[PDB]
């Protein structure tokens, strides 16, 4: 997975992710409206206060999101974090206890600013509890963003719960976020500016085409390598103006770091690849997506009809693997 966020000069947020998986989930766009039942495994049951859009599955009427965004412009994406994610065996008294899947709606229902999320997370404990006994707990970490800032949330055996500022605007997979941030110092030799003709011991040596300054940028799908490239692209991509250009910029970056079908075969023998790329535009309350086998940009919107539905609105399910 790769998560990405950035804004335009007007404070409009473009935020979303590639989902990179090696099996089917039947994922689809879900709109969760206001006043919808919101049970919790450890907290009091309540109802939704905000409409939410994103991609996920529905289990017994509960929308379990891979990534989702509220009508106020605050979103969250859960990305794979294997060999690292570790949640508590049971709830911890005194904490706000959430089964790990519940963080998606807890963040998007209760807050409009990442600043509020950061403060509340100081007393949150994530529990190794699945939606029901027929599912396994997904090893995930999260990127959360509004138009002002983004944070990363990781819970591990090594470090416990950590919350990091994410000025880079990106996230991938394992290992932990500080490891990846530290890794960027090893790529400071990257330069967008092309090299020029040189003399190596008197032998003329000159570029054959543009791009020579980024020698060493990795193009494989190892999470550390996609992190470096996504951070580098986001750091150097100029500001875009308008909805079309910012959505395009977003898909340009995420499609650059997509995991391409056939290029990764896991130890189980299955293809791992980017099954979808999705972008939420806070300015237009529109969720854009395309899929590995259908490149058409589909759009889904939070509006006065969808936000006030009495039922979940579910769209066509995408199948693969």
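Residue numbers count along the first chain shown, from 1.
inquiry  = Highest mean C-alpha temperature factor of the two stretches 121 to 129 and 216 to 224, which is it?
reply    = Averaged over C-alpha atoms, the B-factors run higher in 121 to 129.
task = For the higher mean C-alpha B factor in the entry, choose 253 to 261 or 22 to 30.
result = That would be 22 to 30.
key: Out of 185, 175, 211, 202, residue topping the C-alpha B-factor column of the entry   = That would be 202, according to the entry.
ask   = Taking the entry's C-alpha B-factors for this chain, is residue 54 in the lowest, middle or highest third?
value = Residue 54: CA B-factor falls in the lowest third of its chain.
Chain thirds of CA B-factor: placement of residue 286 = Ranked within chain, residue 286 CA B lands in the middle tercile.
query = By the record's CA B-factor, is residue 279 among the lowest, middle or highest third of residues in the chain?
reply = Its C-alpha B-factor belongs to the lowest third of this chain's values.
ask   = In terms of the CA temperature factor given in the entry, to which third of its chain does residue 229 belong: lowest, middle or highest?
value = For residue 229, the deposited C-alpha B-factor lands in the lowest third.
query = Should residue 82 be placed in the lowest, middle or highest third of its chain by the C-alpha B factor in the entry?
reply = Its C-alpha B-factor belongs to the middle third of this chain's values.
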